[PDB]
Peer 1: 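My questions all concern the structure below.
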2 protein chains.
Amino acid sequence: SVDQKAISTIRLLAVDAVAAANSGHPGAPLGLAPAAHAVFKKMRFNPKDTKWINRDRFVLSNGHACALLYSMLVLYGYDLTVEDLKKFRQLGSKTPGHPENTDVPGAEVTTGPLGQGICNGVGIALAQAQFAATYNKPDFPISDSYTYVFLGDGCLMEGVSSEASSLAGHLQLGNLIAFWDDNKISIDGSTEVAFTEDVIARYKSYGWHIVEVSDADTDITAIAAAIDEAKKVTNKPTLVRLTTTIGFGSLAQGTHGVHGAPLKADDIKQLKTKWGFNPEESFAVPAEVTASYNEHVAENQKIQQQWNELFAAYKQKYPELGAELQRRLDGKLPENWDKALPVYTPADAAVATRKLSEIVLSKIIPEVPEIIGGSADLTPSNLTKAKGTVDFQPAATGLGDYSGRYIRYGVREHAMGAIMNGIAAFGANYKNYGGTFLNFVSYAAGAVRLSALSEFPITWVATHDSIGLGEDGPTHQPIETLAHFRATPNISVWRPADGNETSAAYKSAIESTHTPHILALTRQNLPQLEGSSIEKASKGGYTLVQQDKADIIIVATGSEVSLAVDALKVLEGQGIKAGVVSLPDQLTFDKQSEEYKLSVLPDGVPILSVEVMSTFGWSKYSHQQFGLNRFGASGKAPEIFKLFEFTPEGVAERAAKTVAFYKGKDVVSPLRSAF
Amino acid sequence: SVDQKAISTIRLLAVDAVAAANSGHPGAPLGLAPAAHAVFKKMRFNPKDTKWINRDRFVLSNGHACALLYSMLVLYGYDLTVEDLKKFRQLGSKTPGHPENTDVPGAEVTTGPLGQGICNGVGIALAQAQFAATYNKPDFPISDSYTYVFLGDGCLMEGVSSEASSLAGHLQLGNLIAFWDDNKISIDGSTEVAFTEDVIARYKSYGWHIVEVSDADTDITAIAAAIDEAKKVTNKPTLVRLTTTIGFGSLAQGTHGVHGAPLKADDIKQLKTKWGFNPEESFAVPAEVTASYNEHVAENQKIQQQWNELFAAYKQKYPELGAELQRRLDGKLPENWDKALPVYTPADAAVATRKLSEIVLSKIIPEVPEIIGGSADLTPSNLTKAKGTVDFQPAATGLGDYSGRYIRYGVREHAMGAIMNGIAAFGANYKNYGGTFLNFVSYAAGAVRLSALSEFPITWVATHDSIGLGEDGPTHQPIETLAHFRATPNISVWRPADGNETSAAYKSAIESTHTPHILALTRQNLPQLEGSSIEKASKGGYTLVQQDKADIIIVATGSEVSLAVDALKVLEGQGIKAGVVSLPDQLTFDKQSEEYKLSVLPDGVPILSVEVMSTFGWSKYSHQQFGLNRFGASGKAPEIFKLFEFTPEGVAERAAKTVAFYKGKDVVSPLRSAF
Ligand SMILES: C=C1[C@H](CCOP(=O)(O)OP(=O)(O)O)S[C@H]([C@](O)(CO)[C@@H](O)[C@H](O)[C@H](O)COP(=O)(O)O)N1Cc1cnc(C)nc1N
Ligand SMILES: C=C1[C@H](CCOP(=O)(O)OP(=O)(O)O)S[C@H]([C@](O)(CO)[C@@H](O)[C@H](O)[C@H](O)COP(=O)(O)O)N1Cc1cnc(C)nc1N
Ligand SMILES: [Ca+2]
Ligand SMILES: [Ca+2]
């Protein structure tokens with residue numbers, strides 16, 4: 001039949017791509033081609049409009065199986081061709097060895113690191129439920145799409161997927177349909193060596209629905225029926241167990257050797273002949289497969305055309321909601337939304353930046369409907385919920401509604417991070433955030449790095465940034481954390497010192513379209529600074545205190561800016577004139593013009609950095625660095641600062657030593673380099 | 001009864017400690033005091049010998065509940081007193097806000113970051129099973145101890161605990177007995193808001209045994225019976241569901257407000273009067289409680305005295321095993337074990353450092369019985385198994401034996417990291433390791449940081465260190481990873497360039513007693529270097545190529561040392577004389593004498609670093625840095641190096657620019673500083 005021919009075509013495109021690269025993973029593509037064919041035939045999508053907001057989404061969580069995804073996208077006429085398949089895994093191609101959303105048309109998210117994609121699918125489904133609850137009206141199903149995820153044994157072993165699956169079951173996300181490639185083989189061999197749990201019983205315990213397909217090597221009728229069954233279960237996510245043979249058809253089917261290396265040439269020949277293809281030909285695309293797939297595309301395009309007319313009718317019936325939806329689909333924030341950001345003066349009281357963050361959220365959430373977010377069981381400590389908002393929960397629980405704006409992630413930082421990526425991936429201008437303590441953002445590093453690589457504008461509300469948290473002690477106090485994330489490409493790491501800087505950090509985070517943000521916020525109170533403003537802090541680094549005859553400039557962030565200002569006064573008593581630079585975001589600063597940056601960090605003056613954590617990175621901006629390169633301590637925070645000499649006198653002493661060290665030396669800006 | 005009085009004493013010590021600090025967590029201590037009393041009465045331990053190798057171990061995974069642990073340790077006469085309890089959460093005390101094994105006698109591991117302790121308990125239990133299988137003989141139960149773990153809802157939400165619980169069930173670890181504080185309250189309120197899964201059904205799916213105690217606020221008889229029941233189930237770890245009231249006894253019992261803040265003074269008064277204590281007194285220790293607990297200590301000490309005689313008899317009957325066991329309990333490696341380390345010369349073939357690592361392991365595993373380790377489903381890629389060894393598996397599976405030495409962790413990096421910490425915590429000189437790709441060590445950051453804080457000599461065999469891995473692409477290629485871990489206190493991060501340096505890295509990792517190691521290893525082949533040796537690489541940094549009239553020194557690591565040597569030759573053709581420094585471990589180098597370090601990085605010469613990852617940290621050792629501060633690419637590795645100009649010509653160009661930039665400048669070593 002044409003369906004059988006399509007499945008063989010998919011299998012052989014994937015195998016031929018791996019062969020051409022002499023690199024990659026043929027096993028799971030061979031095993032999952034029937035399911036991929038069946039799922040894509042049920043999906044609504046437009047190859048010519050990858051951003052249609054009511055499309056069904058597909059996520060390949062087992063991203064090593066990407067030759068399968070690329071084959072589907074090519075066959076359906078996305079902006080990806082057989083010539084791109086021939087360049088699989090080659091430098092600069094549109095067919096990299098794991099899918100990247102920035103590079104591959106039709107790749108919703110970036111996968112490859114196991115466990116991430118299923119969690120991203122939870123986030124796409126969470127966003128779809130929130131979006132539908134916000135906009136749908138009687139006779140106006142603006143959003144009614146599904147989220148389909150493929151995943152393997154490795155994804156099921158990774159703890160992040162357990163976190164997200166527990167939460168998705170709690171959230172009753174009935175438009176999520178996941179498919180487990182139950183092939184009993186991972187890199188180390190049989191799953192009997194390490195993975196003998198009853199997966200299905202575990203997913204039932206989370207509140208998922210289960211469908212089992214025992215013959216998924218051939219039974220596409222049962223796979224399609226499993227989708228139909230899943231769609232009838234509107235209050236549970238569904239896991240479809242696909243019992244497959246890894247490498248189905250290969251001489252080496254059912255072995256670990258077919259997971260991750262190219263097939264032998266004679267194996268590929270026998271695959272082709274058994275399936276009616278020419279063993280002398282590679283990258284064959286039978287025209288009857290193209291015709292069948294084109295029929296489905298044409299039907300999907302008529303569905304999108306009708307959706308566009310539904311949307312036009314919605315704008316007439318619901319003028320305000322319709323204009324809001326249009327603005328969001330255009331990628332634009334509300335006009336002048338930033339007028340809601342709080343502004344402070346030096347006459348205002350000292351406030352912790354966690355509390356300043358709460359106040360910002362309180363003001364901007366009512367103004368910007370596409371902001372949603374939550375906390376990983378730290379709501380009363382991170383201060384991430386705006387009073388008067390409703391939680392995102394299924395209404396059946398009585399605890400919230402899908403129209404809610406605040407997510408109770410539970411103690412699940414890693415899944416929160418990956419779910420945030422999925423909410424961003426949904427689109428519709430979602431600007432979403434997640435709270436935890438800065439030190440426990442590290443639990444989510446796998447997902448955070450993917451926010452950066454995927455260019456998603458997610459925001460971590462990362463409170464309790466330092467030893468300033470006090471008594472909880474060194475297991476809670478960051479040292480390395482900012483260096484880690486600042487060293488990752490494409491992460492804006494804001495460490496605001498006061499009210500105006502906190503508003504600038506949020507302006508950046510919400511306006512972002514391609515850069516994730518981490519906002520490092522304090523437990524302890526900090527004064528409002530003389531010289532701060534949203535305008536200057538928006539530059540990432542700025543001259544807080546200008547001193548034309550400076551003997552030294554002190555550059556600092558966060559809680560240490562006030563310390564630097566106090567040190568300036570001690571230094572004046574010693575006959576040393578200092579300037580102060582505040583550097584709330586190194587990435588934003590780096591992106592400013594060379595001339596602006598040199599106006600902040602000029603030649604001809606020693607520069608000392610002060611920040612109560614690792615000194616790594618700081619030589620970009622300073623000649624000498626005063627930091628904390630050891631673990632913290634459990635005690636009252638002011639006593640810890642005193643212990644480590646993060647006091648006005650301790651900073652002044654080091655500043656004076658810095659001036660002395662450069663006596664009779666020619667000093668150029670740290671911004672200069674040889675290349 | 002005296003048991004009731006003991007439980008009240010524990011509760012009130014914990015409450016009084018929190019009150020004195022005006023900080024900390026009274027709720028779970030109040031709820032878990034009955035269980036703690038019951039468990040400690042069943043445990044075998046010596047307060048005067050915290051390292052008895054056949055002790056039962058206790059782990060408080062819900063580490064915020066530490067006032068409970070400290071109260072137990074004080075009551076049992078560990079080296080911790082009521083005066084230390086009065087200093088709870090105060091700077092420098094022996095009673096920090098979360099337990100630290102380095103500081104607190106009787107704290108086996110460091111907890112506070114949720115999820116870790118249960119995984120550490122899995123590792124203690126894994127080690128005990130391996131140890132018992134190695135040493136026990138008929139009539140000689142050298143090791144027969146249990147591992148008891150307390151854990152809360154937050155631990156059960158964290159994905160790391162799911163990973164370890166799946167693995168522990170697979171491994172049939174029947175001497176592990178965990179207790180869930182089922183109090184239905186976390187920081188965000190009722191667990192109904194985020195955590196509605198059927199925990200018990202999930203643990204059954206992992207292959208655990210379950211005991212439920214519905215009245216754990218009072219029913220110590222049932223808690224003791226649950227322990228007895230668990231001990232009869234020798235082939236499954238057990239989860240005991242303790243249904244408790246958080247804050248039991250408080251006016252505010254059963255609320256989130258009692259989780260994490262001190263009780264009101266009037267609440268503490270009514271607690272004391274209802275339990276027969278004086279509301280005017282704090283830190284009361286009734287002498288009848290001390291007497292009862294002392295009776296149990298005395299019995300335990302007689303058990304240890306008999307164990308010492310068993311051990312002496314074992315040494316007579318089994319002289320070789322007995323001497324091996326004695327050496328391990330003394331903390332000493334085999335005499336001259338390091339003679340087994342492979343040595344290379346520049347005439348030997350090029351080898352990837354992952355393969356050099358395999359060869360080291362092959363030679364040292366047969367010589368050093370306390371080495372065990374595994375991989376997170378990457379055995380054939382990390383090359384972490386010595387041929388001819390048997391896997392650690394329950395014999396009932398037919399797949400290994402508990403005497404085995406190689407652990408199949410599955411796709412579980414974070415749990416692997418925390419399990420490694422537990423194996424180290426067991427003691428007996430275990431030197432244990434875990435393989436994954438360097439980029440996915442980041443999945444385990446929560447545990448890695450605790451290896452550093454806890455001072456455990458664990459080792460990550462972290463292959464595929466860079467863009468040199470090639471086609472798998474940027475989701476697999478580290479950029480930030482070494483900077484992250486080098487910025488963490490107390491992590492040795494070895495990036496060996498060749499065979500001799502790889503042997504030095506293992507010498508350091510195996511000899512370690514207080515510092516975790518990460519060995520960053522290549523996929524791609526590297527040449528044997530002229531000038532390398534185990535002796536010089538053991539210094540962490542050394543002069544590979546000395547040039548008395550150097551115009552520049554190039555400092556490099558790993559794969560970039562050979563690149564630097566090739567660049568030296570290009571530079572010679574340009575009339576520039578370079579030296580080369582190899583810096584295989586920055587931490588080890590930093591610990592050398594100032595004079596040694598200055599002999600490697602002298603004054604008076606520009607220094608350029610070369611390493612194909614983040615430049616963060618490198619200004620400690622260089623004036624200019626050539627690194628990679630962007631994500632990688634999917635393609636053949638040599639093509640990626642060429643793209644980013646990590647070629648002999650690209651390094652030479654930057655070296656020449658560096659020489660030019662310092663023309664007419666006075667240059668001092670990067671090792672100098674102002675303070
Ligand atoms: C454990 C698995 C994986 C095991 C997955 O087992 P599975 O999910 O059951 O998939 P199959 O049914 O296809 O067997 S896949 C993976 C790769 O990195 C690919 O993403 C791996 O295959 C490498 O490409 C390969 O080892 C390179 O070989 P070499 O020639 O360089 O030696 N991988 C590593 C991995 C480990 N941990 C995370 C978080 N993500 C990952 N991708
Ligand atoms: C979510 C929980 C935790 C929630 C645990 O719920 P649970 O396990 O059910 O414990 P209970 O039964 O006692 O309620 S505990 C924790 C703390 O950091 C303590 O370790 C937290 O209590 C802080 O001390 C507190 O928020 C500070 O308050 P503030 O005055 O500064 O505002 N915590 C944070 C946490 C989050 N993630 C990880 C990995 N580890 C953690 N310890
Ligand atoms: Ca598999
Ligand atoms: Ca709880």
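Letters A, B, ... are given to chains in the order of the sequence lines, protein chains preceding strands, and every chain is numbered from 1. In what follows, every heavy atom counts, from backbone to side chain, and hydrogens, waters and symmetry copies are set aside.
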Peer 1: Verify the distance criterion only: is there a donor paired with an acceptor across the side chains of A:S143 and A:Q128 at less than 3.5 Å?
Peer 2: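 Present: a donor and an acceptor within the cut-off.
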
Peer 1: If you take the centroid of each ring, where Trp contributes its six-membered ring, are A:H37 and A:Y293 closer together than 6.0 Å?
Peer 2: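 When the ring centroids of A:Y293 and A:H37 are compared, they turn out to be within the sub-6.0 Å range.
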
Peer 1: Is there a donor-acceptor contact under 3.5 Å linking the side chains of B:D188 and B:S186?
Peer 2: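 No, no side-chain donor-acceptor pair sits under 3.5 Å.
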
Peer 1: Return yes if a side-chain donor-acceptor contact under 3.5 Å exists between A:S492 and A:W494, otherwise no.
Peer 2: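 Indeed, the side chains of A:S492 and A:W494 share at least one donor-acceptor pair under 3.5 Å.
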
Peer 1: Please tell me if the side chains of A:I407 and A:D391 come closer than 4.5 Å, counting only heavy atoms from C-beta onward.
Peer 2: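 SC-SC contact between A:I407 and A:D391 ruled out.
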
Peer 1: Check this for me, if you would: do A:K204 and B:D198 make a salt bridge, where the nitrogen-to-carboxylate-oxygen distance has to be below 4.0 angstrom?
Peer 2: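 Salt bridge between A:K204 and B:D198, a charged N being under 4.0 Å from a carboxylate O: no.
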
Peer 1: Excluding sequence neighbours, so at least two apart, what forms ring pair (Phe, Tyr, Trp, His ring centres under 6.0 Å) with A:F131?
Peer 2: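 For A:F131, the residues satisfying ring pair (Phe, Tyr, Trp, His ring centres under 6.0 Å) (neighbours in sequence not counted) are A:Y135, A:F426.
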
Peer 1: Before accepting this row, confirm whether a basic side-chain N of the pair A:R241/A:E212 lies closer than 4.0 Å to the acidic partner's carboxylate O.
Peer 2: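 A:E212 and A:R241: salt-bridged.
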
Peer 1: So, A:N101 and A:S454: side-chain donor and acceptor under 3.5 Å apart, yes or no?
Peer 2: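 Result is yes, a qualifying pair exists.
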
Peer 1: Is it true that B:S166 and B:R412 share a donor-acceptor pair across their side chains at a distance under 3.5 Å?
Peer 2: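 Result is yes, a qualifying pair exists.
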
Peer 1: Is any NZ, NE, NH1 or NH2 atom of the basic residue among A:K315 and A:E320 found under 4.0 Å from an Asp or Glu carboxylate oxygen of the other?
Peer 2: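 So A:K315 does not pair with A:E320 through a salt bridge.
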
Peer 1: I'd like to know whether the aromatic ring centres of A:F392 and A:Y406 sit less than 6.0 Å apart in this structure.
Peer 2: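 Between A:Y406 and A:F392, which both carry aromatic rings, the centre distance is not below 6.0 Å.
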
Peer 1: Between A:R405, A:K431, A:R327, which is the residue that forms a salt bridge (charged side-chain N to carboxylate O under 4.0 Å, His left out) with A:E370?
Peer 2: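 With A:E370 as partner, salt bridge (charged side-chain N to carboxylate O under 4.0 Å, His left out) holds for just one option, A:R327.
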
Peer 1: Determine whether the aromatic ring centres of A:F58 and A:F150 lie less than 6.0 Å apart.
Peer 2: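 Yes.
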
Peer 1: Would you call A:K51 and A:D49 a salt bridge, taking side-chain N to carboxylate O under 4.0 Å as the test?
Peer 2: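 No, no charged N to carboxylate O under 4.0 Å.
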
Peer 1: Regarding A:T436 and A:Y443, is there a side-chain donor-to-acceptor distance under 3.5 Å anywhere?
Peer 2: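 Note: A:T436 and A:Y443 side chains miss the donor-acceptor criterion.
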
Peer 1: Hydrogens and angles aside, do B:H414 and A:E158 bring a side-chain donor and acceptor to less than 3.5 Å of each other?
Peer 2: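 Not at all, the side chains of B:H414 and A:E158 share no donor-acceptor pair under 3.5 Å.
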
Peer 1: If you compare all heavy atoms of A:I124 against all heavy atoms of A:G422, which two are closest, and at what distance to 0.1 Å?
Peer 2: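 Heavy-atom minimum between the residues: CG1-O, 3.4 Å.
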
Peer 1: Is there a donor in the side chain of A:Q304 and an acceptor in the side chain of A:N300, or the other way round, less than 3.5 Å apart?
Peer 2: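 No, because no side-chain N or O of A:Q304 sits under 3.5 Å from a partner of the opposite role on A:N300.
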
Peer 1: Judged by atom type as modelled, is there a donor-acceptor pair below 3.5 Å linking the side chain of B:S161 to the main-chain atoms of B:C155?
Peer 2: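 Yes, the answer is positive, given that a donor and an acceptor are paired below the 3.5 Å cut-off.
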
Peer 1: Looking at A:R202 and A:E197, does any basic side-chain N land under 4.0 Å from a carboxylate oxygen?
Peer 2: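 Answer for the salt bridge query: yes.
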
Peer 1: Counting only heavy atoms not in B:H256, do more than 12 sit closer than 6.0 Å to its NE2 atom?
Peer 2: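 Check fails, neighbour count at 12 or below.
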
Peer 1: Would B:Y203 and A:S205 count as having a side-chain donor-acceptor pair, cut-off 3.5 Å?
Peer 2: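 No, no side-chain donor-acceptor contact under 3.5 Å.
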
Peer 1: Return yes if a side-chain donor-acceptor contact under 3.5 Å exists between A:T134 and A:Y402, otherwise no.
Peer 2: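 There is no such pair between these side chains.
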
Peer 1: Kindly state whether the ring of A:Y409 and the ring of A:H170 have centres lying under 6.0 angstrom apart.
Peer 2: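 Here the rings of A:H170 and A:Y409 have centres that are no less than 6.0 Å from each other.
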
Peer 1: Is any side-chain heavy atom of A:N432 closer than 4.5 Å to a side-chain heavy atom of A:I458?
Peer 2: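 Contact flag for A:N432/A:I458 side chains = yes.
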
Peer 1: Is a donor on one side and an acceptor on the other found under 3.5 Å between the side chain of A:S61 and the backbone of A:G117?
Peer 2: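 Checking the backbone N and O of A:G117 against the side chain of A:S61, a donor-acceptor pair under 3.5 Å is found.
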
Peer 1: Of all the heavy-atom pairs spanning A:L239 and A:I200, show the shortest one and how long it is.
Peer 2: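 Minimum heavy-atom separation between A:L239 and A:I200: CD2-CD1, 4.3 Å.
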
Peer 1: Taking NZ in A:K48 as the centre, count heavy atoms belonging to other residues, nucleotides or ligands within less than 6.0 Å. Is the count above 12?
Peer 2: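 Result for NZ/A:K48: enclosed.
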
Peer 1: Under a 3.5 Å threshold, yes or no: a donor from one side chain and an acceptor from the other, between A:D181 and A:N62?
Peer 2: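 A:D181 vs A:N62: no donor-acceptor pair found between side chains.
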
Peer 1: Can a donor-acceptor pair be found between the side chains of A:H517 and A:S508 at a distance below 3.5 Å?
Peer 2: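 Judged by distance alone, the side chains do pair up.
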
Peer 1: Does a side-chain heavy-atom distance below 4.5 Å link B:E163 with A:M157?
Peer 2: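 Contact flag for B:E163/A:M157 side chains = no.
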
Peer 1: Say whether A:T384 and A:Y433, considering side chains only, have a donor N or O and an acceptor N or O under 3.5 Å apart.
Peer 2: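 No, no side-chain donor-acceptor pair sits under 3.5 Å.
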
Peer 1: Can the positive tip of A:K137 be found less than 6.0 Å from the middle of the six-membered ring of A:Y318, inside 45° of the ring normal?
Peer 2: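 Judged by the rule (NZ or CZ under 6.0 Å from the ring centre, within 45° of its axis), A:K137 counts as positioned above A:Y318.
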
Peer 1: Would you say A:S362's side chain and A:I359's backbone share a donor-acceptor pair under 3.5 angstrom?
Peer 2: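 Side chain of A:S362 to backbone of A:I359, a donor-acceptor pair under 3.5 Å: yes, one is there.
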
Peer 1: Do the charged groups of A:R44 and A:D56 touch, with an N to O distance under 4.0 Å?
Peer 2: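 Not counted as a salt bridge, because no side-chain N and carboxylate O are separated by less than 4.0 Å.
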
Peer 1: From the options A:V240, A:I118, A:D153, A:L242, select the one residue that forms a side-chain contact (heavy atoms from CB on, under 4.5 Å) with A:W180.
Peer 2: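 So, applying the side-chain contact (heavy atoms from CB on, under 4.5 Å) to A:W180 and each of A:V240, A:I118, A:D153, A:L242, only A:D153 qualifies.
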
Peer 1: Test side-chain contact (heavy atoms from CB on, under 4.5 Å) on A:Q116 and A:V109 and set out the steps.
Peer 2: CA-CA 9 Å; A:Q116 299 290 326; A:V109 288; over 6 Å; no

Peer 1: Report yes or no: does A:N490 contribute a side-chain atom to a donor-acceptor pair with the main-chain N or O of A:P516 at less than 3.5 Å?
Peer 2: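 No, A:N490 side chain to A:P516 backbone: no donor-acceptor pair under 3.5 Å.
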
Peer 1: Has the side chain of A:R55 got a donor or acceptor atom that lies under 3.5 Å from a matching backbone atom of A:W52?
Peer 2: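 Looks like yes, one N/O pair under 3.5 Å.
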
Peer 1: State, to 0.1 Å, how close A:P394 and A:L171 come at their nearest heavy-atom pair, and which atoms those are.
Peer 2: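 For A:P394 versus A:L171, the nearest heavy atoms are CG-O, 3.5 Å.
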
